[PDB]
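First residue of the first sequence: 85, per my numbering; consecutive thereafter. Note that the Cβ used here is the ideal one computed from N, Cα and C, for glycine as well. Notes follow once the structure below has been shown.
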Amino acid sequence: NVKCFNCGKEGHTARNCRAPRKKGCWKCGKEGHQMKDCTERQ
DNA sequence: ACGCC
Ligand SMILES: [Zn+2]
Ligand SMILES: [Zn+2]
Numbered sequence: 085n086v087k088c089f090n091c092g093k094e095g096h097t098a099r100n101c102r103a104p105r106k107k108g109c110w111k112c113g114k115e116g117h118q119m120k121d122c123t124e125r126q
C-alpha cells in the first residue's frame with residue numbers, strides 16, 4: 085500500500101495520480117530540491 | 001511506494 089505524494093489519496097503514487105503535481109519538494113515542500121534529494125530531517 | 005507542467 086501507498087499514499088500519493090501529490091493529492092495524498094491511498095492506493096496510488098504521485099505518478100498514478102489524476103491531479104497535476106506540486107512544485108519544489110513533496111515531503112517537506114521546499115524548493116531547490118525534490119523529495120528524492122530532500123534530507124531536511126527536522 | 002514516488003516527479004519533473
Ligand atoms: Zn493522488
Ligand atoms: Zn524536502
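Residue(s) in a DSSP beta bridge with residue i
| i | result |
| --- | --- |
| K114 | Bridge partners of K114: none, in fact. |
| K107 | Partner(s): none; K107 has no beta bridge. |
| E94 | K87 |
Residue i vs residue j beta-carbon contact at 9 Å
| i | j | result |
| --- | --- | --- |
| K114 | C122 | yes |
| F89 | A103 | no |
| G95 | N85 | yes |
Between the CA atoms of residue j and residue i - distance to the nearest angstrom
| i | j | result |
| --- | --- | --- |
| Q126 | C112 | 10 Å |
| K120 | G108 | 11 Å |
Worksheet item: Mind listing, in chain order, the residues whose beta carbon lies closer than 7 Å to a non-hydrogen atom of ligand 1?
Response: After applying the 7 Å Cβ criterion, the set is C88, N90, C91, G92, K93, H96, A98, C101, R102 and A103.
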